[PDB]
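See below for input30.cif, which holds mmCIF, N, CA and C atoms and all ligand atoms.
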data_model
#
loop_
_atom_site.label_atom_id
_atom_site.label_comp_id
_atom_site.auth_asym_id
_atom_site.auth_seq_id
_atom_site.Cartn_x
_atom_site.Cartn_y
_atom_site.Cartn_z
N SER V 1 65.67 -52.48 -39.23
CA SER V 1 65.71 -51.33 -40.21
C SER V 1 64.35 -50.72 -40.55
N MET V 2 63.26 -51.20 -39.92
CA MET V 2 61.89 -50.74 -40.22
C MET V 2 61.42 -49.71 -39.19
N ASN V 3 60.48 -48.88 -39.63
CA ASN V 3 59.94 -47.76 -38.86
C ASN V 3 58.61 -48.15 -38.21
N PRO V 4 58.49 -47.96 -36.89
CA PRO V 4 57.19 -48.13 -36.25
C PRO V 4 56.22 -47.04 -36.65
N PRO V 5 54.93 -47.20 -36.30
CA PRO V 5 54.11 -46.01 -36.47
C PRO V 5 54.60 -44.87 -35.56
N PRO V 6 54.46 -43.62 -36.01
CA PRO V 6 54.93 -42.52 -35.19
C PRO V 6 54.02 -42.33 -33.95
N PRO V 7 54.50 -41.59 -32.96
CA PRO V 7 53.71 -41.33 -31.77
C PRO V 7 52.44 -40.57 -32.11
N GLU V 8 51.37 -40.88 -31.39
CA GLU V 8 50.06 -40.26 -31.66
C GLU V 8 50.13 -38.78 -31.36
N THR V 9 49.46 -37.95 -32.17
CA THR V 9 49.34 -36.54 -31.88
C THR V 9 47.89 -36.15 -31.53
N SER V 10 47.00 -37.14 -31.55
CA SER V 10 45.58 -37.03 -31.18
C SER V 10 45.17 -38.26 -30.38
N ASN V 11 44.26 -38.07 -29.43
CA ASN V 11 43.70 -39.11 -28.62
C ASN V 11 42.39 -38.58 -28.01
N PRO V 12 41.25 -38.96 -28.61
CA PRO V 12 39.97 -38.38 -28.18
C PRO V 12 39.51 -38.65 -26.73
N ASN V 13 39.99 -39.73 -26.11
CA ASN V 13 39.62 -40.03 -24.74
C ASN V 13 40.63 -39.55 -23.72
N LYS V 14 41.71 -38.90 -24.18
CA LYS V 14 42.67 -38.26 -23.29
C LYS V 14 42.14 -36.87 -22.90
N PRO V 15 42.14 -36.55 -21.61
CA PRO V 15 41.70 -35.21 -21.19
C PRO V 15 42.71 -34.10 -21.58
N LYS V 16 42.18 -33.05 -22.19
CA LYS V 16 42.96 -31.94 -22.71
C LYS V 16 42.79 -30.71 -21.81
N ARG V 17 43.81 -29.86 -21.82
CA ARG V 17 43.75 -28.52 -21.22
C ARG V 17 44.57 -27.51 -22.03
N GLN V 18 44.17 -26.24 -21.96
CA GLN V 18 45.01 -25.14 -22.43
C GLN V 18 45.42 -24.31 -21.23
N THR V 19 46.71 -24.32 -20.91
CA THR V 19 47.22 -23.55 -19.78
C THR V 19 48.17 -22.52 -20.37
N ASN V 20 48.37 -21.41 -19.67
CA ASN V 20 49.25 -20.36 -20.17
C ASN V 20 50.67 -20.89 -20.34
N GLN V 21 51.05 -21.86 -19.52
CA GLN V 21 52.35 -22.52 -19.62
C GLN V 21 52.49 -23.38 -20.87
N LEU V 22 51.38 -23.97 -21.33
CA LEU V 22 51.38 -24.74 -22.58
C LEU V 22 51.50 -23.82 -23.78
N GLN V 23 50.85 -22.67 -23.70
CA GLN V 23 50.89 -21.71 -24.78
C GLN V 23 52.31 -21.10 -24.93
N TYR V 24 52.98 -20.79 -23.82
CA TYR V 24 54.42 -20.45 -23.77
C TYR V 24 55.30 -21.53 -24.41
N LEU V 25 55.06 -22.79 -24.03
CA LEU V 25 55.80 -23.93 -24.58
C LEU V 25 55.75 -23.95 -26.11
N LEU V 26 54.63 -23.55 -26.71
CA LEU V 26 54.53 -23.53 -28.14
C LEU V 26 55.07 -22.23 -28.74
N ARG V 27 54.64 -21.10 -28.18
CA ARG V 27 55.02 -19.77 -28.70
C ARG V 27 56.50 -19.45 -28.48
N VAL V 28 57.06 -19.86 -27.35
CA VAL V 28 58.43 -19.54 -27.02
C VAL V 28 59.35 -20.77 -27.06
N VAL V 29 59.04 -21.84 -26.33
CA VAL V 29 60.01 -22.91 -26.17
C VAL V 29 60.18 -23.68 -27.50
N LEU V 30 59.08 -24.09 -28.13
CA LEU V 30 59.17 -24.87 -29.36
C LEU V 30 59.55 -23.98 -30.54
N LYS V 31 58.87 -22.84 -30.71
CA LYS V 31 59.18 -21.89 -31.79
C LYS V 31 60.68 -21.56 -31.86
N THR V 32 61.30 -21.42 -30.69
CA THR V 32 62.73 -21.11 -30.58
C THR V 32 63.63 -22.29 -30.98
N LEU V 33 63.41 -23.47 -30.38
CA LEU V 33 64.19 -24.66 -30.72
C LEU V 33 64.04 -25.03 -32.22
N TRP V 34 62.84 -24.85 -32.76
CA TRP V 34 62.52 -25.21 -34.12
C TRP V 34 63.37 -24.44 -35.15
N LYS V 35 63.59 -23.15 -34.90
CA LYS V 35 64.38 -22.28 -35.81
C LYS V 35 65.92 -22.43 -35.68
N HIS V 36 66.38 -23.10 -34.62
CA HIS V 36 67.79 -23.33 -34.36
C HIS V 36 68.47 -24.16 -35.50
N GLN V 37 69.77 -23.94 -35.68
CA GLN V 37 70.53 -24.54 -36.78
C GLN V 37 70.70 -26.04 -36.64
N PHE V 38 70.55 -26.51 -35.42
CA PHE V 38 70.64 -27.92 -35.10
C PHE V 38 69.31 -28.65 -34.89
N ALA V 39 68.20 -27.98 -35.18
CA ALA V 39 66.87 -28.54 -34.97
C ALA V 39 66.48 -29.62 -36.00
N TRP V 40 67.01 -29.54 -37.22
CA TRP V 40 66.51 -30.38 -38.32
C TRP V 40 66.39 -31.89 -38.08
N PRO V 41 67.37 -32.53 -37.37
CA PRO V 41 67.29 -33.97 -37.10
C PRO V 41 66.22 -34.37 -36.08
N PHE V 42 65.72 -33.37 -35.34
CA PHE V 42 64.69 -33.53 -34.32
C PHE V 42 63.30 -32.99 -34.75
N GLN V 43 63.14 -32.57 -36.01
CA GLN V 43 61.86 -32.00 -36.49
C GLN V 43 60.81 -33.03 -36.99
N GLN V 44 61.23 -34.30 -36.97
CA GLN V 44 60.41 -35.45 -37.34
C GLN V 44 60.87 -36.72 -36.63
N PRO V 45 60.00 -37.74 -36.63
CA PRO V 45 60.41 -39.00 -36.07
C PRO V 45 61.64 -39.48 -36.84
N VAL V 46 62.54 -40.15 -36.13
CA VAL V 46 63.69 -40.74 -36.74
C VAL V 46 63.23 -41.76 -37.79
N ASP V 47 63.74 -41.58 -39.01
CA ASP V 47 63.56 -42.51 -40.13
C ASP V 47 64.73 -43.49 -40.16
N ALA V 48 64.60 -44.63 -39.46
CA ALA V 48 65.65 -45.63 -39.45
C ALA V 48 66.07 -46.15 -40.83
N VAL V 49 65.14 -46.16 -41.79
CA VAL V 49 65.41 -46.59 -43.17
C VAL V 49 66.31 -45.59 -43.93
N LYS V 50 65.84 -44.35 -44.15
CA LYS V 50 66.59 -43.30 -44.90
C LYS V 50 67.95 -42.99 -44.28
N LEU V 51 68.03 -43.04 -42.96
CA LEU V 51 69.18 -42.56 -42.22
C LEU V 51 70.13 -43.70 -41.83
N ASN V 52 69.82 -44.91 -42.30
CA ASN V 52 70.60 -46.14 -42.05
C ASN V 52 70.92 -46.31 -40.56
N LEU V 53 69.86 -46.26 -39.76
CA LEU V 53 69.94 -46.55 -38.32
C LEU V 53 69.08 -47.79 -37.99
N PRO V 54 69.46 -48.93 -38.53
CA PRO V 54 68.51 -50.02 -38.49
C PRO V 54 68.37 -50.55 -37.08
N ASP V 55 69.30 -50.16 -36.19
CA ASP V 55 69.16 -50.51 -34.75
C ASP V 55 68.39 -49.45 -33.91
N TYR V 56 67.97 -48.33 -34.52
CA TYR V 56 67.41 -47.19 -33.76
C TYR V 56 66.26 -47.65 -32.88
N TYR V 57 65.23 -48.19 -33.51
CA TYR V 57 64.01 -48.62 -32.79
C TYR V 57 64.13 -49.98 -32.10
N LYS V 58 65.26 -50.64 -32.29
CA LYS V 58 65.61 -51.78 -31.44
C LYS V 58 66.13 -51.36 -30.03
N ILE V 59 66.64 -50.14 -29.97
CA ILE V 59 67.23 -49.52 -28.77
C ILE V 59 66.26 -48.51 -28.13
N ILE V 60 65.67 -47.65 -28.96
CA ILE V 60 64.75 -46.63 -28.47
C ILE V 60 63.32 -47.13 -28.53
N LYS V 61 62.76 -47.44 -27.34
CA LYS V 61 61.38 -47.91 -27.19
C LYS V 61 60.32 -46.78 -26.97
N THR V 62 60.75 -45.58 -26.57
CA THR V 62 59.86 -44.42 -26.39
C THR V 62 60.32 -43.25 -27.25
N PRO V 63 60.25 -43.42 -28.57
CA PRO V 63 60.69 -42.34 -29.42
C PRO V 63 59.90 -41.04 -29.22
N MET V 64 60.56 -39.90 -29.41
CA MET V 64 59.91 -38.57 -29.36
C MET V 64 60.72 -37.61 -30.19
N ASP V 65 60.04 -36.60 -30.71
CA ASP V 65 60.68 -35.65 -31.57
C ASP V 65 59.85 -34.36 -31.55
N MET V 66 60.42 -33.26 -32.02
CA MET V 66 59.73 -31.96 -32.01
C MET V 66 58.57 -31.83 -32.97
N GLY V 67 58.64 -32.50 -34.12
CA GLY V 67 57.51 -32.55 -35.02
C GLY V 67 56.27 -33.10 -34.31
N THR V 68 56.44 -34.22 -33.57
CA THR V 68 55.37 -34.76 -32.72
C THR V 68 54.88 -33.84 -31.59
N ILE V 69 55.83 -33.24 -30.86
CA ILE V 69 55.53 -32.29 -29.80
C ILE V 69 54.79 -31.06 -30.32
N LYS V 70 55.28 -30.56 -31.44
CA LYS V 70 54.68 -29.37 -32.08
C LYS V 70 53.21 -29.63 -32.42
N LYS V 71 52.93 -30.74 -33.09
CA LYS V 71 51.55 -31.12 -33.44
C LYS V 71 50.69 -31.33 -32.21
N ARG V 72 51.20 -32.07 -31.22
CA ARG V 72 50.55 -32.22 -29.92
C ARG V 72 50.17 -30.89 -29.24
N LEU V 73 51.05 -29.89 -29.32
CA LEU V 73 50.78 -28.59 -28.74
C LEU V 73 49.72 -27.93 -29.62
N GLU V 74 49.89 -28.03 -30.93
CA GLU V 74 48.91 -27.49 -31.89
C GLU V 74 47.53 -28.18 -31.76
N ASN V 75 47.51 -29.44 -31.30
CA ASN V 75 46.26 -30.20 -31.17
C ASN V 75 45.69 -30.19 -29.75
N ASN V 76 46.29 -29.36 -28.88
CA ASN V 76 45.94 -29.26 -27.46
C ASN V 76 45.90 -30.62 -26.80
N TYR V 77 46.94 -31.41 -27.04
CA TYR V 77 46.94 -32.82 -26.66
C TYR V 77 47.23 -33.03 -25.19
N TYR V 78 47.94 -32.07 -24.60
CA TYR V 78 48.40 -32.17 -23.22
C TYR V 78 47.40 -31.69 -22.16
N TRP V 79 47.48 -32.31 -20.98
CA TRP V 79 46.80 -31.83 -19.75
C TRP V 79 47.58 -30.70 -19.08
N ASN V 80 48.90 -30.77 -19.10
CA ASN V 80 49.71 -29.72 -18.44
C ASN V 80 51.10 -29.64 -19.05
N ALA V 81 51.83 -28.60 -18.64
CA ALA V 81 53.15 -28.27 -19.19
C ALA V 81 54.13 -29.36 -18.85
N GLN V 82 54.01 -29.95 -17.67
CA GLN V 82 54.91 -31.03 -17.33
C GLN V 82 54.86 -32.18 -18.32
N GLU V 83 53.68 -32.48 -18.88
CA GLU V 83 53.56 -33.60 -19.85
C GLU V 83 54.37 -33.27 -21.09
N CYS V 84 54.19 -32.04 -21.57
CA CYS V 84 54.97 -31.57 -22.69
C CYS V 84 56.49 -31.51 -22.44
N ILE V 85 56.90 -31.00 -21.27
CA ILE V 85 58.34 -30.93 -20.90
C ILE V 85 58.92 -32.32 -20.84
N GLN V 86 58.12 -33.27 -20.37
CA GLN V 86 58.52 -34.65 -20.36
C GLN V 86 58.82 -35.18 -21.75
N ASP V 87 58.09 -34.72 -22.78
CA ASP V 87 58.31 -35.23 -24.16
C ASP V 87 59.62 -34.66 -24.72
N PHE V 88 59.88 -33.38 -24.45
CA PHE V 88 61.21 -32.82 -24.76
C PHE V 88 62.32 -33.60 -24.06
N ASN V 89 62.17 -33.83 -22.76
CA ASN V 89 63.12 -34.67 -22.00
C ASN V 89 63.40 -36.04 -22.60
N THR V 90 62.33 -36.78 -22.93
CA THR V 90 62.46 -38.06 -23.63
C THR V 90 63.26 -37.90 -24.93
N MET V 91 62.94 -36.88 -25.71
CA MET V 91 63.66 -36.63 -26.94
C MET V 91 65.20 -36.53 -26.71
N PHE V 92 65.62 -35.74 -25.71
CA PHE V 92 67.05 -35.56 -25.43
C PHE V 92 67.71 -36.82 -24.94
N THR V 93 67.07 -37.44 -23.95
CA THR V 93 67.55 -38.69 -23.35
C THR V 93 67.75 -39.83 -24.34
N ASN V 94 66.77 -40.03 -25.22
CA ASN V 94 66.94 -40.95 -26.35
C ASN V 94 68.22 -40.66 -27.15
N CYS V 95 68.44 -39.40 -27.53
CA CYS V 95 69.67 -39.06 -28.25
C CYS V 95 70.95 -39.52 -27.49
N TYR V 96 70.98 -39.31 -26.17
CA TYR V 96 72.15 -39.53 -25.31
C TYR V 96 72.32 -41.01 -25.06
N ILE V 97 71.20 -41.74 -25.00
CA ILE V 97 71.19 -43.20 -24.93
C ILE V 97 71.69 -43.85 -26.22
N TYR V 98 71.17 -43.40 -27.37
CA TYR V 98 71.41 -44.11 -28.64
C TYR V 98 72.84 -43.85 -29.19
N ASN V 99 73.28 -42.60 -29.13
CA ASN V 99 74.52 -42.18 -29.80
C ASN V 99 75.68 -42.08 -28.79
N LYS V 100 76.90 -41.85 -29.26
CA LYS V 100 78.08 -41.72 -28.38
C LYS V 100 78.36 -40.25 -28.03
N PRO V 101 78.90 -39.99 -26.82
CA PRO V 101 79.39 -38.64 -26.57
C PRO V 101 80.40 -38.26 -27.63
N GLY V 102 80.36 -37.00 -28.04
CA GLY V 102 81.22 -36.53 -29.11
C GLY V 102 80.73 -36.86 -30.51
N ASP V 103 79.61 -37.57 -30.64
CA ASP V 103 78.92 -37.60 -31.94
C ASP V 103 78.30 -36.27 -32.25
N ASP V 104 78.32 -35.87 -33.52
CA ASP V 104 77.74 -34.60 -33.95
C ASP V 104 76.26 -34.40 -33.55
N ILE V 105 75.50 -35.48 -33.65
CA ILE V 105 74.09 -35.45 -33.28
C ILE V 105 73.99 -35.15 -31.77
N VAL V 106 74.82 -35.81 -30.93
CA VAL V 106 74.88 -35.52 -29.48
C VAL V 106 75.21 -34.04 -29.17
N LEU V 107 76.11 -33.44 -29.96
CA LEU V 107 76.47 -32.01 -29.79
C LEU V 107 75.32 -31.10 -30.24
N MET V 108 74.58 -31.57 -31.24
CA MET V 108 73.34 -30.92 -31.63
C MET V 108 72.30 -30.95 -30.50
N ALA V 109 71.99 -32.14 -29.98
CA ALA V 109 71.02 -32.29 -28.87
C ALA V 109 71.44 -31.40 -27.69
N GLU V 110 72.71 -31.52 -27.32
CA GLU V 110 73.31 -30.82 -26.18
C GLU V 110 73.11 -29.32 -26.24
N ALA V 111 73.16 -28.75 -27.45
CA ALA V 111 72.95 -27.32 -27.67
C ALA V 111 71.48 -26.90 -27.62
N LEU V 112 70.60 -27.74 -28.14
CA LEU V 112 69.18 -27.52 -27.97
C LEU V 112 68.79 -27.72 -26.51
N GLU V 113 69.39 -28.67 -25.80
CA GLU V 113 69.01 -28.90 -24.40
C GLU V 113 69.45 -27.75 -23.47
N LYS V 114 70.57 -27.13 -23.77
CA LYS V 114 71.01 -25.97 -23.06
C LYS V 114 70.06 -24.87 -23.30
N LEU V 115 69.73 -24.65 -24.55
CA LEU V 115 68.76 -23.64 -24.92
C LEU V 115 67.37 -23.88 -24.30
N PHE V 116 66.91 -25.11 -24.40
CA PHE V 116 65.66 -25.51 -23.79
C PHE V 116 65.59 -25.14 -22.30
N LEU V 117 66.55 -25.63 -21.51
CA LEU V 117 66.64 -25.37 -20.06
C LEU V 117 66.65 -23.86 -19.72
N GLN V 118 67.33 -23.05 -20.53
CA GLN V 118 67.28 -21.59 -20.43
C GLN V 118 65.85 -21.03 -20.67
N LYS V 119 65.17 -21.49 -21.72
CA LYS V 119 63.81 -21.00 -22.00
C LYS V 119 62.75 -21.53 -21.00
N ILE V 120 63.00 -22.71 -20.44
CA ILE V 120 62.09 -23.29 -19.46
C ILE V 120 62.23 -22.63 -18.09
N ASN V 121 63.41 -22.07 -17.80
CA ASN V 121 63.63 -21.38 -16.53
C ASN V 121 62.72 -20.17 -16.45
N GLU V 122 62.43 -19.59 -17.61
CA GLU V 122 61.58 -18.41 -17.74
C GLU V 122 60.10 -18.79 -17.89
N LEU V 123 59.79 -20.04 -17.58
CA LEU V 123 58.42 -20.54 -17.63
C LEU V 123 57.56 -19.72 -16.68
N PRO V 124 56.44 -19.18 -17.18
CA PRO V 124 55.50 -18.46 -16.30
C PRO V 124 54.75 -19.38 -15.34
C1 LIG O 1 75.81 -38.94 -39.34
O1 LIG O 1 74.43 -38.46 -39.59
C2 LIG O 1 73.98 -37.39 -38.87
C3 LIG O 1 74.83 -36.73 -37.99
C4 LIG O 1 74.36 -35.62 -37.28
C5 LIG O 1 73.07 -35.16 -37.40
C6 LIG O 1 72.21 -35.83 -38.25
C7 LIG O 1 72.67 -36.89 -39.01
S1 LIG O 1 71.52 -37.70 -40.07
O2 LIG O 1 70.22 -36.99 -39.96
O3 LIG O 1 72.06 -37.79 -41.46
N1 LIG O 1 71.43 -39.20 -39.40
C8 LIG O 1 71.26 -39.42 -38.07
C9 LIG O 1 72.19 -40.20 -37.38
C10 LIG O 1 72.02 -40.46 -36.02
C11 LIG O 1 70.89 -39.98 -35.34
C12 LIG O 1 69.96 -39.20 -36.02
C13 LIG O 1 70.15 -38.93 -37.38
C14 LIG O 1 68.72 -38.61 -35.37
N2 LIG O 1 68.68 -38.85 -33.90
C15 LIG O 1 67.57 -38.24 -33.10
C16 LIG O 1 69.62 -39.65 -33.26
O4 LIG O 1 69.50 -39.76 -32.05
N3 LIG O 1 70.72 -40.24 -33.96
NA NA O 2 38.85 -31.91 -23.33
#

Take the structure I supplied and represent it as structure tokens, if you would.
Ligand SMILES: COc1ccccc1S(=O)(=O)Nc1ccc2c(c1)CN(C)C(=O)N2
Ligand code: NA
Amino acid sequence: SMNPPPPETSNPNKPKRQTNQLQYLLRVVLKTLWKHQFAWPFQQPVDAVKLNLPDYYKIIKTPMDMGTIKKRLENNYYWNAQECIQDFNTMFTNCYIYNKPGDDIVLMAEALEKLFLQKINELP
């Protein structure tokens, strides 16, 4: 039932880059998912305590969320767009691993993932 430390959004010895694809990821891909009606459960690390998911971090070993991704993009944390896309991917996959098909949270993820894949297709 306890919360690990959240994923790092800074790392001084990690090599950083600003690519036009990273800037799109923040301006278009994240900005869009963030405003969606189903974004709220993914805007911060899962709080296993408040949300009574005491098995969450017993099951999910690579947690990720949009609050973390957003800060990482804001902190120029990534080397390339693929690293960032990978964090979105981890976020979705965790949801599908942890919860059951037909859970409301799964239908939420599923709608953001459809939207995500549509906005990523238009990646410059
Ligand atoms: C039943 O609780 C919920 C159902 C749908 C959406 C959100 C909630 S909750 O925020 O009250 N609790 C919740 C319940 C389950 C999850 C999560 C949150 C977050 N998450 C990423 C996950 O994978 N499972
Ligand atoms: Na650098």

Fill in: Among the residues V:59, V:76, V:29, V:120, the one that comes closest to ligand NA 2 (chain O) [using all atoms listed in the file]
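When distances to ligand NA 2 (chain O) are compared using all atoms listed in the file, the smallest one comes from V:76.
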
Item to complete: Could you tell me which of V:99, V:68, V:21, V:44 comes closest to residue V:82 if we count only C-alpha atoms?
Response: V:21

Practice prompt. Can you work out the spacing between atom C10 of ligand LIG 1 (chain O) and atom CA of residue V:55 in Å, to one decimal?
Written response: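 Atom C10 of ligand LIG 1 (chain O) sits 10.5 Å away from atom CA of residue V:55.
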
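Taking atom CA of residue V:66 and atom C2 of ligand LIG 1 (chain O) as endpoints, the distance between them is 16.7 Å.
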
Item to complete: Could you please determine the separation between atom CA of residue V:105 and atom C of residue V:119 in Å, to one decimal place?
Response: 21.8 Å

Item to complete: Please give me, as a PyMOL selection string, the residues lying within 8 Å of ligand NA 2 (chain O) when counting only N, CA and C atoms and all ligand atoms.
Response: chain V and resi 12-18+76

Fill in: Exercise: stretch 106-115 of chain V partners within 7 Å, only C-alpha atoms, chain neighbours under 5 positions left out, as a PyMOL selection string
chain V and resi 33+38+92+95-96+99+101

Take the residues from that selection and write them out as a tab-separated table (two decimals), in the frame of the given file, keeping N, CA and C atoms.
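File written: again.tsv
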chain	number	residue	atom	x	y	z
V	33	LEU	N	63.41	-23.47	-30.38
V	33	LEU	CA	64.19	-24.66	-30.72
V	33	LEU	C	64.04	-25.03	-32.22
V	38	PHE	N	70.55	-26.51	-35.42
V	38	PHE	CA	70.64	-27.92	-35.10
V	38	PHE	C	69.31	-28.65	-34.89
V	92	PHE	N	65.62	-35.74	-25.71
V	92	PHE	CA	67.05	-35.56	-25.43
V	92	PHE	C	67.71	-36.82	-24.94
V	95	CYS	N	68.44	-39.40	-27.53
V	95	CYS	CA	69.67	-39.06	-28.25
V	95	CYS	C	70.95	-39.52	-27.49
V	96	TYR	N	70.98	-39.31	-26.17
V	96	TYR	CA	72.15	-39.53	-25.31
V	96	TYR	C	72.32	-41.01	-25.06
V	99	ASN	N	73.28	-42.60	-29.13
V	99	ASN	CA	74.52	-42.18	-29.80
V	99	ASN	C	75.68	-42.08	-28.79
V	101	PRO	N	78.90	-39.99	-26.82
V	101	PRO	CA	79.39	-38.64	-26.57
V	101	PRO	C	80.40	-38.26	-27.63

Fill in: From V:79, V:51, V:64, V:73, residue lying nearest ligand LIG 1 (chain O) [only C-alpha atoms and all ligand atoms]
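Selected residue with least distance to ligand LIG 1 (chain O): V:51.
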
Item to complete: For a cut-off of 8 Å around (53.4, -42.0, -31.4), file coordinates, pick out all residues using only N, CA and C atoms and list them as a PyMOL selection string.
Response: chain V and resi 4-9+63-64+68

Using the atoms already present, construct N, CA, C and O atoms for stretch 68-80 of chain V and hand them back as an mmCIF file, in the coordinates of the input.
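Result file is rebuild-v6.cif:
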data_model
loop_
_atom_site.group_PDB
_atom_site.id
_atom_site.type_symbol
_atom_site.label_atom_id
_atom_site.label_comp_id
_atom_site.auth_asym_id
_atom_site.auth_seq_id
_atom_site.Cartn_x
_atom_site.Cartn_y
_atom_site.Cartn_z
ATOM 1 N N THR V 68 56.440 -34.220 -33.570
ATOM 2 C CA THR V 68 55.370 -34.760 -32.720
ATOM 3 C C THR V 68 54.880 -33.840 -31.590
ATOM 4 O O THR V 68 53.671 -33.706 -31.353
ATOM 5 N N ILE V 69 55.830 -33.240 -30.860
ATOM 6 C CA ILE V 69 55.530 -32.290 -29.800
ATOM 7 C C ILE V 69 54.790 -31.060 -30.320
ATOM 8 O O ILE V 69 53.825 -30.574 -29.733
ATOM 9 N N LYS V 70 55.280 -30.560 -31.440
ATOM 10 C CA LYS V 70 54.680 -29.370 -32.080
ATOM 11 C C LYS V 70 53.210 -29.630 -32.420
ATOM 12 O O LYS V 70 52.372 -28.813 -32.084
ATOM 13 N N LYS V 71 52.930 -30.740 -33.090
ATOM 14 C CA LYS V 71 51.550 -31.120 -33.440
ATOM 15 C C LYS V 71 50.690 -31.330 -32.210
ATOM 16 O O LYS V 71 49.575 -30.825 -32.179
ATOM 17 N N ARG V 72 51.200 -32.070 -31.220
ATOM 18 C CA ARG V 72 50.550 -32.220 -29.920
ATOM 19 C C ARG V 72 50.170 -30.890 -29.240
ATOM 20 O O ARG V 72 49.080 -30.764 -28.666
ATOM 21 N N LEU V 73 51.050 -29.890 -29.320
ATOM 22 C CA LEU V 73 50.780 -28.590 -28.740
ATOM 23 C C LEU V 73 49.720 -27.930 -29.620
ATOM 24 O O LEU V 73 48.758 -27.360 -29.100
ATOM 25 N N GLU V 74 49.890 -28.030 -30.930
ATOM 26 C CA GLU V 74 48.910 -27.490 -31.890
ATOM 27 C C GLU V 74 47.530 -28.180 -31.760
ATOM 28 O O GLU V 74 46.505 -27.571 -32.028
ATOM 29 N N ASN V 75 47.510 -29.440 -31.300
ATOM 30 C CA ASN V 75 46.260 -30.200 -31.170
ATOM 31 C C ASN V 75 45.690 -30.190 -29.750
ATOM 32 O O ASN V 75 44.719 -30.900 -29.480
ATOM 33 N N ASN V 76 46.290 -29.360 -28.880
ATOM 34 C CA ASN V 76 45.940 -29.260 -27.460
ATOM 35 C C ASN V 76 45.900 -30.620 -26.800
ATOM 36 O O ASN V 76 44.962 -30.948 -26.078
ATOM 37 N N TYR V 77 46.940 -31.410 -27.040
ATOM 38 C CA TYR V 77 46.940 -32.820 -26.660
ATOM 39 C C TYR V 77 47.230 -33.030 -25.190
ATOM 40 O O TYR V 77 46.847 -34.064 -24.612
ATOM 41 N N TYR V 78 47.940 -32.070 -24.600
ATOM 42 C CA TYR V 78 48.400 -32.170 -23.220
ATOM 43 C C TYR V 78 47.400 -31.690 -22.160
ATOM 44 O O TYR V 78 46.637 -30.766 -22.388
ATOM 45 N N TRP V 79 47.480 -32.310 -20.980
ATOM 46 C CA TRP V 79 46.800 -31.830 -19.750
ATOM 47 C C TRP V 79 47.580 -30.700 -19.080
ATOM 48 O O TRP V 79 46.994 -29.795 -18.518
ATOM 49 N N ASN V 80 48.900 -30.770 -19.100
ATOM 50 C CA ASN V 80 49.710 -29.720 -18.440
ATOM 51 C C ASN V 80 51.100 -29.640 -19.050
ATOM 52 O O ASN V 80 51.471 -30.478 -19.888
#
